[PDB]
Amino acid sequence: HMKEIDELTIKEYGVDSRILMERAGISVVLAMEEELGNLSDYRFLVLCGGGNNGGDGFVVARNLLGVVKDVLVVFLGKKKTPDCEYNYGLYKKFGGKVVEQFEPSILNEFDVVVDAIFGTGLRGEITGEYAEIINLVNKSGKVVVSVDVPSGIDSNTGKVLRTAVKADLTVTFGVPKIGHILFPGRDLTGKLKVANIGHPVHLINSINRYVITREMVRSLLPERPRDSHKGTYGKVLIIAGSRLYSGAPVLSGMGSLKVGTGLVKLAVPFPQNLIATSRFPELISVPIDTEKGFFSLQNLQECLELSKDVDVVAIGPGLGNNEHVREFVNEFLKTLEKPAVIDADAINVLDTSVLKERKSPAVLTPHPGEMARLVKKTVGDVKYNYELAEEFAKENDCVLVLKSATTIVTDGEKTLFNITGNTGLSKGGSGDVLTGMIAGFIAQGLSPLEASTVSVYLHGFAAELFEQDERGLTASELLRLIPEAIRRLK
Amino acid sequence: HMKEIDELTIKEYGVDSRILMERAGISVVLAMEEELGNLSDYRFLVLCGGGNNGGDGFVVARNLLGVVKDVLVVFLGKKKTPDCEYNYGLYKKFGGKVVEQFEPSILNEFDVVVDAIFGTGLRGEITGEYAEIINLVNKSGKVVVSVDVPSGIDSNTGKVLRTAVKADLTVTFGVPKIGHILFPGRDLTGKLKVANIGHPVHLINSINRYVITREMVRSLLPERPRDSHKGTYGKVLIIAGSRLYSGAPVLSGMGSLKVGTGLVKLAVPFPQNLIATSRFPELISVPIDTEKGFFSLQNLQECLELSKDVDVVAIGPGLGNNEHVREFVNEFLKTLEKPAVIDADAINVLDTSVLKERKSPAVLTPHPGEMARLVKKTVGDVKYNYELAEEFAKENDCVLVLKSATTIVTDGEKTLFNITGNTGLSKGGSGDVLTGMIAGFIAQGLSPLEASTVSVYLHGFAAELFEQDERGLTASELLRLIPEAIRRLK
Amino acid sequence: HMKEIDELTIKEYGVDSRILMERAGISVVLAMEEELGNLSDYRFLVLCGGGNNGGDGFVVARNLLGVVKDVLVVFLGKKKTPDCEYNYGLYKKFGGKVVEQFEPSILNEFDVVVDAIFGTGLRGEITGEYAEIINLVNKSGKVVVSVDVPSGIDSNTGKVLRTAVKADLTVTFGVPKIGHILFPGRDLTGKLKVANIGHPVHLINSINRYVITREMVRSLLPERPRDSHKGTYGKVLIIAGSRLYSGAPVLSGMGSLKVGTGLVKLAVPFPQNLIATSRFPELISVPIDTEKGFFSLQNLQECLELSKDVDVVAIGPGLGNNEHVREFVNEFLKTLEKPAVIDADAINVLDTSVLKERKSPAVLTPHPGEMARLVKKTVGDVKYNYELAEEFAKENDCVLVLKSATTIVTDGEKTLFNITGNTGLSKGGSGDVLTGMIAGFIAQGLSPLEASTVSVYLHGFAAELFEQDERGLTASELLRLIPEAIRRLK
Amino acid sequence: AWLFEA
Amino acid sequence: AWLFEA
Amino acid sequence: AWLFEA
Amino acid sequence: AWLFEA
Ligand SMILES: Nc1ncnc2c1ncn2[C@@H]1O[C@H](COP(=O)(O)O)[C@@H](OP(=O)(O)O)[C@H]1O
Ligand SMILES: Nc1ncnc2c1ncn2[C@@H]1O[C@H](COP(=O)(O)O)[C@@H](OP(=O)(O)O)[C@H]1O
Ligand SMILES: Nc1ncnc2c1ncn2[C@@H]1O[C@H](COP(=O)(O)O)[C@@H](OP(=O)(O)O)[C@H]1O
Ligand SMILES: [K+]
Ligand SMILES: [K+]
Ligand SMILES: [K+]
């Protein structure tokens with residue numbers, strides 16, 4: 001918690017709470033200037049609650065006095081915390097205007113609304129007059145700058161607490177909060193700036209949940225020693241496909257090759273295996289003889305033999321989901337002593353007891369529907385539920401990659417959030433590519449967690465590099481964009 | 001005094017002294033970043049005294065911790081004021097290193113020296129170890145950033161107190177200080193940034209001594225109504241020249257015309273009057289018949305007749321200085337009921353009783369040699385002596401324009417400092433141009449003080465627009481550059 | 001009068017008055033679009049009087065309905081003319097809003113004010129509520145578009161009728177009106193567009209007072225046959241200067257040379273004649289021996305001898321004005337049988353009987369002070385008084401060039417208005433240049449009227465080509481700019 | 001140029 | 001970068 | 001311009 | 001756009 005970090009910074013380091021509050025407010029002023037240009041032509045409406053978020057607002061309002069066209073504070077609380085009171089007091093000594101009633105037509109006379117109503121740790125549903133004011137600000141068309149978190153977002157979850165401010169700019173302090181990172185909060189945050197307000201860098205660094213950044217991914221990318229050969233860069237087996245789903249294997253395989261893997265082999269039911277090499281002849285696509293077009297226990301021994309000469313096995317994309325696939329998948333993973341990347345239909349039939357028993361590592365890559373089915377909960381209970389994902393990862397000894405617009409990657413100890421990507425990834429085939437990427441990076445020497453971190457980022461970044469409208473992005477185009485994402489990362 | 005402004009801001013407005021100190025120090029960090037780029041590659045040596053300047057230094061050092069390559073504070077004082085002590089305490093709690101001995105070789109290990117040794121209001125000559133340290137920093141070749149004022153400059157006068165830091169960058173608070181504006185201090189200041197640290201804008205504005213800025217000159221420049229004629233823009237008489245000094249009249253006259261004056265007439269001894277129209281035939285150059293090539297009382301009545309049909313009279317450039325010139329100048333000014341711009345040899349022969357008796361206004365434009373002779377003091381007693389200039393202006397009911405690299409313009413109530421210009425103005429003819437400019441602006445409707453303010457600025461700015469090396473600038477080239485200075489001002 | 005042209009177009013050509021009114025209003029809409037871009041984002045306040053100007057306004061308002069953000073008409077009259085009534089009726093049938101009370105705060109809700117209150121032929125001083133409304137529109141800061149003429153300008157004179165609208169854009173019909181061309185009206189007009197609203201081109205052309213345009217000057221400029229010599233391009237004598245005013249001759253002379261004259265001779269009192277060739281050695285500057293530095297009857301015979309071998313004589317600039325100059329000037333012009341260009345001090349001493357008696361032509365070039373003295377009236381009675389100038393020109397058989405920001409050029413039958421130039425011409429020396437230009441063009445073969453028309457235009461256009469701030473323009477710089485003005489004209 | 005002289 | 005992460 | 005005059 | 005759709 002930043003709440004804890006503020007407390008330690010005040011109580012143990014001895015920084016006056018007022019100094020933190022001053023730094024917070026001036027950082028909002030500087031951020032607005034960076035975004036709007038010269039502030040002197042704008043009229044500012046500052047909405048202050050009674051808490052320290054409001055206190056930060058009074059500092060903003062006071063620092064705009066005499067410099068901008070007009071400033072008014074509407075004070076919406078009933079009582080003020082000590083730092084809010086002190087800064088209210090300064091704003092008034094400096095000649096500032098405060099009113100305590102919100103008049104709908106007051107929005108008419110201002111260009112920018114500074115939302116300092118509620119901050120982090122707000123827990124209750126907003127109703128009554130706070131709601132009305134927030135709804136009026138949202139309909140007003142004005143530029144909205146939110147102090148810390150848009151008022152009405154739960155800063156621990158990203159949920160809207162009945163209603164919430166939609167900001168053009170949010171200025172937060174120290175670190176991004178979970179509510180900036182997860183949706184809907186991420187959407188309501190608008191452009192996010194993270195200000196340094198003077199916390200010791202050691203406390204800022206102690207946070208155990210992180211946003212995955214370019215710099216983090218660049219320092220995890222494996223080295224490519226010049227004197228190398230394909231085995232230097234690992235070997236992947238991908239067990240995938242069926243008579244129903246012949247495309248999945250192809251997309252996973254190329255996903256491994258595009259991130260620099262040395263050798264990729266697919267095991268796919270004949271004749272669907274032939275689809276992959278007609279499209280990308282650099283793939284090895286082994287024909288697996290099946291009774292009805294789906295993997296079954298009769299293919300167990302062939303798949304374990306194929307496994308011996310690879311570094312990692314991805315399983316699941318397009319396998320189908322029937323009882324014989326279920327038997328095969330669970331018996332295979334129980335016997336495979338290689339890292340496993342488990343996706344799609346391998347998740348749908350997975351017996352989670354098998355994961356506890358494995359000595360080798362695993363990465364699971366469910367979307368929330370798949371996660372929901374796996375732990376027997378509703379999609380709504382699991383979506384963006386990073387604590388559930390952490391517990392699952394810790395209990396089953398795996399890395400969990402819970403896919404959504406913000407993807408969560410956790411091994412139960414460390415949790416990372418991915419924010420790259422766009423809606424073109426919301427389309428069949430996208431996940432199959434990511435599964436290949438993750439396997440590939442594990443094969444090249446990254447840990448399951450590192451492989452997942454780099455892969456989710458690059459998969460999202462590749463999507464963003466599509467030249468045309470994102471809704472026209474397809475998995476095949478995404479594959480083409482991977483090596484550009486890699487080059488841009490460096 | 002800013003000292004007073006800090007006190008009122010703390011004691012009457014209620015801003016915690018620590019909040020002012022925090023804002024000061026972070027403003028230094030931001031300024032250095034603007035100048036150096038990313039700070040993370042630099043090692044910083046911060047030299048802190050015991051006073052609040054040192055306190056500001058501790059804030060700088062503390063805010064660099066964990067962000068830059070290395071930070072060390074050398075604490076040079078013997079005791080610490082309360083805010084310095086508090087910020088020393090924070091720097092140490094944050095993990096910062098302080099030593100109390102300055103080792104000459106310590107400069108070897110750092111890229112930037114932050115000079116927070118002494119601030120404003122230092123009064124005594126620096127000797128002993130402070131001097132040695134300051135001299136070592138000056139020989140070191142490192143980048144030097146001075147907090148408030150370079151240590152060793154007297155912030156009220158700009159004098160060096162035995163020795164002083166030579167800064168690449170100085171970051172001051174609220175307003176520039178006199179010691180940044182006057183030399184040598186102006187030279188030692190290097191690039192000056194003035195930070196807003198949260199004083200009420202009303203107190204910042206109450207300062208009665210100002211630097212002349214572009215924006216101030218732009219808002220004083222007269223209007224040019226389209227439906228106008230030459231009389232709209234005034235008429236100047238310039239009484240100037242002699243058989244010895246035939247060029248002066250020409251340069252003064254064109255100086256009036258280049259700033260937009262409608263009509264300019266010169267009165268110059270025949271045949272030297274003919275020099276002016278051979279060079280600029282738009283001038284009227286009236287031949288004055290003299291006995292020996294110099295104005296005398298025999299020309300009094302002609303000059304007073306010529307005066308009736310003008311708005312302003314400039315007198316002095318190249319008149320010569322002998323007894324008959326003295327009689328003429330004093331009798332003329334005692335009788336002339338028009339504004340007078342008094343320069344050069346008219347200053348040298350001026351009886352200051354005559355100025356007290358005049359009902360009409362005057363501007364005097366001495367360089368320090370001329371000022372020294374006028375009040376019977378040494379050049380050293382008068383140079384940059386803004387209090388003497390104010391008293392003189394107040395006592396004699398005039399505007400005094402005391403020329404030097406920083407020019408002082410005062411009517412005894414308001415005092416303005418000009419910082420435009422370069423060394424190409426240190427050459428004969430330069431002053432003659434300025435005298436014409438001032439007269440011209442008075443003729444166009446500006447007050448003597450306004451006319452002087454706009455003229456010193458534009459005269460200096462024109463010099464800066466010379467395309468080649470400044471030492472090759474001549475008065476004739478300066479005249480050519482005036483209308484460009486004007487266009488650039490708009 | 002356009003009033004007459006509208007009547008003939010309706011009554012004799014048979015164009016329905018409503019068709020003229022429709023065309024007028026749509027032309028305002030098109031003009032505003034050209035100036036503002038897309039109109040759809042703007043809210044329009046249209047102020048309509050009761051007359052046909054208001055009728056035009058109703059057409060504007062009606063044509064904006066459904067296309068722009070908001071339209072409101074405030075109807076300020078008491079009764080409506082038939083075409084105003086018809087168009088009010090259409091505006092209402094189309095769903096438009098009209099109110100009849102002007103509320104000061106109504107300006108708050110609109111971006112553009114369309115001023116259709118009064119048009120051309122308004123004769124009375126505006127007082128009462130019309131004044132209040134006009135003053136409110138002027139203080140409002142909104143974009144102001146005036147229909148026909150800014151309300152409150154007398155369209156026959158350009159005078160303000162107590163108060164008047166200051167427009168950003170004025171859209172007039174058929175031809176510019178005198179009130180757009182003369183000040184103050186020219187200033188209040190802002191940018192002027194002249195719309196074709198369907199008058200027969202023959203009636204538009206019948207107007208006997210014209211604005212001098214680029215195209216008119218280009219077609220008057222003389223030809224330069226390749227096989228020519230200096231005599232092809234004429235010879236000018238300029239009789240000018242005195243011991244007091246030695247620069248005038250130089251500026252007039254070069255003014256003749258810069259417009260392409262073949263040979264220019266000056267007659268100037270010795271030794272002031274030597275000033276001209278030291279500056280421009282291409283001039284011939286004849287020394288005239290005088291008793292006291294001024295021309296007198298003793299120089300009559302020399303000047304008439306010099307006159308025989310030239311095509312035109314300019315006389316007046318810097319001659320001085322005393323009795324002997326008066327005798328010389330009048331006796332000379334009474335005897336000179338060459339065209340004469342009469343300026344400055346030759347105007348001041350001119351006996352106008354002499355002009356009636358001359359068989360040869362003349363151009364007189366007074367500024368209003370000189371004109372006032374010449375006809376024994378006040379400056380205010382003569383300034384912009386084109387009817388007085390016409391009568392004077394007709395009665396004295398001359399071309400009169402009455403200098404001001406808008407210059408009037410007339411021979412009593414045809415009257416032309418010049419609008420080129422800027423305030424840098426409001427400075428000594430400017431007129432001396434124009435006098436040379438006019439003489440030069442007469443020498444090259446243009447009639448006195450043609451020579452004056454081309455000269456006033458080019459003199460003004462040269463001023464506009466000055467690269468720096470206009471207030472720094474001097475006559476010497478203007479001379480340099482003449483051949484560029486000429487090149488740009490072609 | 002048909003509609004406007006400028 | 002001292003003040004803001006973006 | 002909020003923080004610095006230059 | 002007031003006069004013409006294109
Ligand atoms: N450029 C190279 N350098 C070193 N060894 C190579 C190589 N190319 C191939 N090999 C070796 O050839 C085998 C297959 O190569 P790769 O794995 O690159 O396909 C591996 O041997 P082993 O069978 O001894 O493990 C590897 O040692
Ligand atoms: N290029 C040329 N072509 C024709 N005639 C020229 C000439 N240059 C000079 N002249 C003649 O020389 C005399 C003076 O020339 P300009 O007037 O050009 O100075 C004039 O003669 P007249 O004395 O016969 O009139 C003119 O005819
Ligand atoms: N464009 C113009 N408009 C108005 N007045 C002008 C003018 N040009 C000249 N004058 C008048 O002519 C006289 C001399 O002009 P200027 O001062 O511009 O040289 C002044 O008159 P007075 O003698 O009535 O003061 C001034 O009024
Ligand atoms: K908030
Ligand atoms: K210092
Ligand atoms: K009108």
Side-chain angles (χ1 to χ4, degrees), chain A residues 2-3 6 24-25 28 31-32 35 44-61 73-81 84 100-104 106-107 110 112-195 380 383-386 404-406 417 419:
Chain A
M2 269 309 102
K3 198 213 170 331
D6 292 328
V28 173
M32 292 195 286
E35 209 67 31
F44 297 72
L45 187 69
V46 182
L47 308 177
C48 293
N52 287 345
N53 196 248
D56 294 342
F58 279 116
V59 172
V60 174
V73 168
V74 189
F75 174 64
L76 297 171
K78 310 282 195 177
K79 68 196 180 35
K80 301 183 179 61
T81 65
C84 184
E100 287 200 347
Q101 285 314 96
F102 190 91
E103 235 300 333
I106 199 54
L107 291 173
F110 292 92
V112 178
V113 175
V114 175
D115 155 36
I117 306 176
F118 306 118
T120 63
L122 178 73
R123 303 285 78 112
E125 301 285 291
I126 301 180
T127 46
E129 299 179 11
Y130 282 108
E132 289 174 37
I133 294 186
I134 287 169
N135 292 334
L136 295 168
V137 172
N138 291 347
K139 288 180 172 70
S140 71
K142 300 304 176 171
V143 173
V144 182
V145 178
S146 285
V147 177
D148 215 356
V149 293
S151 294
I153 291 317
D154 182 341
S155 67
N156 299 150
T157 67
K159 297 185 153 172
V160 166
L161 298 171
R162 196 167 171 277
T163 194
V165 167
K166 192 175 193 316
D168 303 287
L169 173 67
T170 299
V171 185
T172 198
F173 313 121
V175 283
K177 308 312 174 270
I178 290 155
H180 297 134
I181 296 164
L182 306 176
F183 289 91
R186 186 170 153 206
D187 197 63
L188 291 192
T189 287
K191 180 185 291 198
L192 181 67
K193 285 173 193 302
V194 183
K383 198 184 168 169
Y384 299 131
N385 189 339
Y386 53 91
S404 285
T406 300
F417 297 100
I419 65 175

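Below, read A as the first sequence line, B as the second, and so on, with proteins coming before strands; counting in each chain starts at 1. Worth knowing before you read on, the calculation uses all heavy atoms, side chains too, and leaves out hydrogens, waters and symmetry mates.
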Is it true that atom NZ of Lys142(A) has more than 12 heavy atoms of other residues, nucleotides or ligands lying nearer than 6.0 Å? yes
Ignoring hydrogens, what is the shortest heavy-atom contact between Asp115(A) and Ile117(A)? Give both atom names and the distance. OD1-N, 3.3 Å
Counting neighbours of CD on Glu125(A) that are heavy atoms of other residues, nucleotides or ligands and sit closer than 6.0 Å, is the number greater than 12? yes
Hey, could you give me the CG/CG distance between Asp187(A) and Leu182(A), rounded to the nearest 0.5 Å? 12.5 Å
Distance, nearest 0.5 Å, that separates CZ of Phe102(A) from CG of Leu107(A): 4.0 Å
Run the ring-ring contact (aromatic ring centres under 6.0 Å, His included) test against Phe75(A) and tell me which residues pass, sequence neighbours left out. none
Donor-acceptor contact below 3.5 Å, side chain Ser155(A) vs main chain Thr120(A): no
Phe173(A) CZ to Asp148(A) CG distance, which is reported to the nearest 0.5 Å: 5.0 Å
Do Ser404(A) and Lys383(A) have a side chain donor and acceptor closer than 3.5 Å? no
Using 30° and 60° as the class limits, which term best fits the ring planes of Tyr386(A) and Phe417(A): parallel, tilted or perpendicular? perpendicular
Taken to the nearest 0.5 Å, the spacing of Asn156(A) CG from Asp154(A) CG works out to 5.0 Å
When rounded to the nearest 0.5 angstrom, what is the spacing between OG1 in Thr172(A) and NE2 in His180(A)? 4.0 Å
Considering all heavy atoms of both residues, which atom of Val165(A) and which atom of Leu188(A) are nearest to each other, and what is their separation? O-CB, 3.6 Å
If the threshold is 4.0 Å, N to carboxylate O, is there a salt bridge linking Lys191(A) and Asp168(A)? no
Just by distance, do the side chain of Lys166(A) and the backbone of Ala164(A) share a donor-acceptor pair under 3.5 Å? no
Non-hydrogen side-chain atoms of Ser151(A) and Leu122(A) separated by less than 4.5 Å: no
Taking all non-hydrogen atoms of both residues, which atom of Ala31(A) and which atom of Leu169(A) are closest, and how far apart? O-CD2, 3.9 Å
